[PDB]
Amino acid sequence: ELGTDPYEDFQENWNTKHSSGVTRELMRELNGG
Amino acid sequence: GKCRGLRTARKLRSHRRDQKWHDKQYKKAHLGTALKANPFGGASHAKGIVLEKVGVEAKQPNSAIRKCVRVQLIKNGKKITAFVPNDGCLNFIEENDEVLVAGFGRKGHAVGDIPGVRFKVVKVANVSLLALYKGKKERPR
Amino acid sequence: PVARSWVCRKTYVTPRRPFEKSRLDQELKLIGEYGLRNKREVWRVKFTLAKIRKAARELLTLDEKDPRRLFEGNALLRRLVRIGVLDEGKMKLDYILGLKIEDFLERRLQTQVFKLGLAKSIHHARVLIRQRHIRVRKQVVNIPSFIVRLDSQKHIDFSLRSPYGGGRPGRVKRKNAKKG
Amino acid sequence: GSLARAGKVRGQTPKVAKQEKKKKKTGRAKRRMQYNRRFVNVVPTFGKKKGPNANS
RNA sequence: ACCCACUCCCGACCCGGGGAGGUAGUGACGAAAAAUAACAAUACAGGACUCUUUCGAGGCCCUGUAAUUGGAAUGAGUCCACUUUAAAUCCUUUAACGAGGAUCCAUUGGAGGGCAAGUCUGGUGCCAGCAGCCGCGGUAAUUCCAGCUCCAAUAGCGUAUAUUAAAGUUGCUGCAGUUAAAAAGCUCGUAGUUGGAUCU
Ligand SMILES: [Mg+2]
Ligand SMILES: [Mg+2]
Ligand SMILES: [Mg+2]
Ligand SMILES: [Mg+2]
Ligand SMILES: [Mg+2]
Ligand SMILES: [Mg+2]
Ligand SMILES: [Mg+2]
Ligand SMILES: [Mg+2]
Ligand SMILES: [Mg+2]
Ligand SMILES: [Mg+2]
Ligand SMILES: [Mg+2]
Ligand SMILES: [Mg+2]
Ligand SMILES: [Mg+2]
Ligand SMILES: [Mg+2]
Ligand SMILES: [Mg+2]
Ligand SMILES: [Mg+2]
Ligand SMILES: [Mg+2]
Ligand SMILES: [Mg+2]
Ligand SMILES: [Mg+2]
Ligand SMILES: [Mg+2]
Ligand SMILES: [Mg+2]
Ligand SMILES: [Mg+2]
Ligand SMILES: [Mg+2]
Ligand SMILES: [Mg+2]
């Protein structure tokens, strides 16, 4: 099952309260670390 | 520009010595007015007697009532507003008690929403607030 | 005034950045591979290697014919060859900079007990050493961080008093035999 | 302001007792478990790296 | 608290004295080493390996996880003795006892970013509170109070204060002065600083 999309989360919450989280998630999706 | 002569050591040293006084922290540490005005007198901690309990309104945009205590130090007799940091710890302090007070963490500068408060309570009635909060020790009574 | 000595020093340095992912992964890999107790044991060997490198770099700034360089670099290379980190053919002062921490980690008694077949695991090797089952050519050693010299490599064995090296059976065997 | 609401929330949270868990290993054994869990035992992944405490 | 046994000092002295000094007691100032488990069989899961094109196949090997089994190894303690010492204590050496929940139970701070680690569940509802800073909390709180889980160091870990690096934010190395802080309204001038070539 495909539950969470980091790209959508960042693009939607980049200016919200949960920005610092989603950015931190997006890097994990990109750099593999 | 600066002088680069071979015999200009006195000029350079004198200029640096005189221009060090325009540094805020060097002047604060070497002038003596701050040490005289410091209620602790340079100590890390102090002991005082709780004069009363007060509530300080948190600065905007935050809205809350920070519980504090007015105390009077034993060595010099100065009056100080100290913060009691925890959920419900103000019920561990009674009036006319003896408390240990330390700094707030910013070297005499106010921290957070609390205006003009730079001290916090550590131990009350010779027992630590952490032990009372975690229920490890009881009030002596 | 007293007749005591106050000479002492620390054997490790803490890293500047407390939470660095790459450093944590590397240190945990080292701990897992060599069965170390904590991060401090890695930092101790790192400090030792740093001191050796600092001495070698300080001796490389002198002239080749300087008497102090010739005297002290020779001693440093001799000690490195003695402990086994260096080789006889690589006894130049530049090769010291080519040393790594794994070379010093390979010379501990804990890893040498495991590599010689006395133990079936590195943790088992540490347990055997700490429980007084291993002797070094005459002497019972129970310090895992013991650094084995080259000439002592052939002389690691079970202690004569150990149940493994021909000694009396242990507590559990005696109790079980008493049971039956 | 009024000081009568001190300890309001901490005195309202319903009490929950901690459960019983097997004791954790310490020292070298804890590091051995961490080393075997993070590096020795790894499952194939498709690039979506998950944290140790990810949930939902 | 014990002793002049060591180191030395004084005296008419090889003999006397010494809270000088030495030895014990308190002692997480601080420094060094280093336990809190190891192994085997099962029960599952991955890899390599082969044969089978695929369903597949295996003690055929290697590696991981079990309050599933099993018997081995131990010092923390209790404690003869010797040794240690002026007499002791401690350490070392050794008899006997001494581990399966091996209950002989490791803690200190965090889980939005800085900075390693959960927008999981239940409460509260700009209150209580957290927060070094940015900030969170006004009925779906990733930040408060709790449970679970997860991080970091580890017999150690938080807090307050002085101080060093970070600070090329005191700049000798090595900072700036048009507009971000900044060159005297202008000129003269003593001390100070600096000073053109040329001699084998
Ligand atoms: Mg100011
Ligand atoms: Mg607010
Ligand atoms: Mg004497
Ligand atoms: Mg005498
Ligand atoms: Mg004395
Ligand atoms: Mg004395
Ligand atoms: Mg220490
Ligand atoms: Mg224990
Ligand atoms: Mg915790
Ligand atoms: Mg929480
Ligand atoms: Mg953070
Ligand atoms: Mg992170
Ligand atoms: Mg603000
Ligand atoms: Mg809610
Ligand atoms: Mg919630
Ligand atoms: Mg500084
Ligand atoms: Mg610098
Ligand atoms: Mg400054
Ligand atoms: Mg430079
Ligand atoms: Mg500047
Ligand atoms: Mg200006
Ligand atoms: Mg002008
Ligand atoms: Mg002049
Ligand atoms: Mg000239």
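Naming convention: chains lettered A, B, ... in sequence-line order (proteins, then strands); numbering from 1 in each chain. Every heavy atom of this structure was used, including side-chain atoms; hydrogens, water molecules and symmetry mates were not.
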Enter the distance from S128(B):OG to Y133(B):OH here, rounded to the nearest 0.5 Å.
13.5 Å

List every contact pair, protein side and nucleotides 6-8 of chain E side both N or O, where the distance is under 3.5 Å.
none

Under the 3.5 Å rule, do the base of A153(E) and the side chain of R40(C) count as making a donor-acceptor pair?
no

Looking at the angle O4'-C1'-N9-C4 for a purine or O4'-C1'-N1-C2 for a pyrimidine, is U139(E) syn or anti, with syn meaning within 90° of 0?
syn

What protein N or O atoms touch nucleotides 91-95 of chain E N or O atoms at under 3.5 angstrom, if any, and at what distances?
unit_1: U93(E); atom_1: OP1; unit_2: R132(C); atom_2: NH2; d: 3.0
unit_1: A95(E); atom_1: OP1; unit_2: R161(C); atom_2: NH2; d: 2.9

Check this one for me: any side-chain N or O of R44(C) less than 4.0 Å away from OP1 or OP2 of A33(E)?
yes

Intra-strand stack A38(E) & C39(E), ring centres under 5.5 Å, planes under 30°
yes

If you go through the side-chain atoms of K120(B), does one of them form a donor-acceptor pair with the base of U159(E) closer than 3.5 Å?
no

Along nucleotides 143-149 of chain E, 5' to 3', which nucleotides get a B, which get an S, and which get a -, given that the test is a protein heavy-atom distance under 4.0 Å?
B-BSSSB

Please indicate whether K48(D) has more than 12 foreign heavy atoms, meaning atoms of other residues, nucleotides or ligands, lying under 6.0 Å from its NZ.
yes

Given that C8(E) and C9(E) are neighbours in the strand, would their base rings pass a stacking test of centres under 5.5 angstrom and planes under 30 degrees?
yes

At 4.0 Å (heavy atoms only), tell me whether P163(C) reaches a base, stays on the sugar-phosphate, or touches nothing.
sugar-phosphate

Does a distance-only test, which skips hydrogens and angles, find a donor-acceptor pair under 3.5 Å between the side chain of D9(A) and the base of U119(E)?
no

Under 5.5 Å between six-ring centres and under 30° between planes, true for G30(E) and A31(E)?
yes

Has the side chain of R171(C) got a donor or acceptor atom sitting under 3.5 Å from an opposite partner on the base of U74(E)?
yes

Using the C1' atoms only, state how far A128(E) lies from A160(E), rounded to an integer number of Å.
26 Å

